[PDB]
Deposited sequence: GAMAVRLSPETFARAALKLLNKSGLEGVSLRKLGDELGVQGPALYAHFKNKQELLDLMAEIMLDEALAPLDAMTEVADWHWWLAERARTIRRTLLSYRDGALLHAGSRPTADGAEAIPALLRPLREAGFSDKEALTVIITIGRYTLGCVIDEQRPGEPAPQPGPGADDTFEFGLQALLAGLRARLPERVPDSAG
């Protein structure tokens, strides 16, 4: 396979559904790559660098339709749909919320933040507040997903989502 971060991270996402977060590491992934294993380290210094890219790709795949939208008229709806999409996506992956927890944007992901914030800026949120809104909504969703897992949940999720969104509206 081509030696690129995304190709390796997408192979690791396959390994995640197969073996869980426990079965995902640089060594463990290099083992699933054969002669190409050692190339993994040129792009990821540690497990967390790999998990950051996996986490970003996992949610990019599901949020792409919302990311492509131009001149979003209703930031409330748009943010709510982001959260619902994140929740559905994390629930769809084995250890999805565990993989996401602690992740941060990659360099290429961070370059996409200005576009991500534009619907909120057009709504009246400052650039600084718009980013805090994004981080907060993702963390509320992450907390719901990781807790609702147990070896009503929908109602409780939207109850808190709508309250959060109403409180943000009061800030404008």
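- Judged by missing C-alpha atoms, the gaps in the deposited chain sequence fall at residues 1-4, 156-164, 186-194, listed in sequence order.
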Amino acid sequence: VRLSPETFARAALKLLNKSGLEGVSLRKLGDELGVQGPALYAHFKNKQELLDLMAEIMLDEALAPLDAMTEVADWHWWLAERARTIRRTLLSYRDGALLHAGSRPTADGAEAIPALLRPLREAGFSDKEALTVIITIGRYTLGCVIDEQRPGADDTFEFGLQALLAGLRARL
From here on, numbers count along this sequence of modelled residues.
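- The stretch 69-77 shows the higher mean C-alpha B-factor when 69-77 is compared against 90-98 in the entry.
- On average the C-alpha atoms of 34-42 have higher B-factors than those of the other stretch, with 59-67 and 34-42 being the two compared.
- Highest C-alpha temperature factor among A130, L26, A110, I146, as the PDB entry reports it: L26.
- Listed residues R118, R104, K47, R139 were ranked by CA B-factor as deposited; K47 comes out on top.
- In this PDB entry, the Cα temperature factor of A163 sits in the bottom third of its chain's modelled residues, the lowest group.
- Among all modelled residues in its chain, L51 ranks in the middle third by Cα B-factor.
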